[PDB]
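Structure record follows, encoded as structure tokens.
In our numbering, the protein residues as written are 61 to 120.
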């Protein structure tokens with residue numbers, strides 16, 4: 061009758077963000093807005109780009 065192929069999971073390692081030309085954690089960046097200001101223009105995009113990638117499949 062019904063399919064039992066429905067499973068819910070949420071496990072994954074946090075991605076790495078480049079701040080001022082150095083490796084950093086996306087979570088650490090949000091905690092420190094000053095880091096974003098230190099990030100170059102192109103580096104700033106990589107910060108925002110990652111966000112969209114994670115929000116590619118999130119419908120409520």
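Yeah, the Cβ is synthetic: ideal placement off N, Cα and C, and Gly gets one too.
Neighbourhood of residue i by C-beta, 7 Å cutoff - its chain only, sequence neighbours within 5 removed
{"i": "residue 107", "result": "77, 89, 96 and 99"}
{"i": "residue 83", "result": "76"}
For residue j and residue i, believed in contact at Cβ under 8 Å, the rounded distance
{"i": "residue 102", "j": "residue 79", "result": "In fact, because the Cβ distance is near 12 Å, the residues do not count as touching under 8 Å."}
C-beta atoms of residue i and residue j nearer than 8 Å
{"i": "residue 66", "j": "residue 87", "result": "no"}
Residue from the options whose Cα sits closest to the Cα of residue i
{"i": "residue 114", "options": "63, 61, 64 and 72", "result": "72"}
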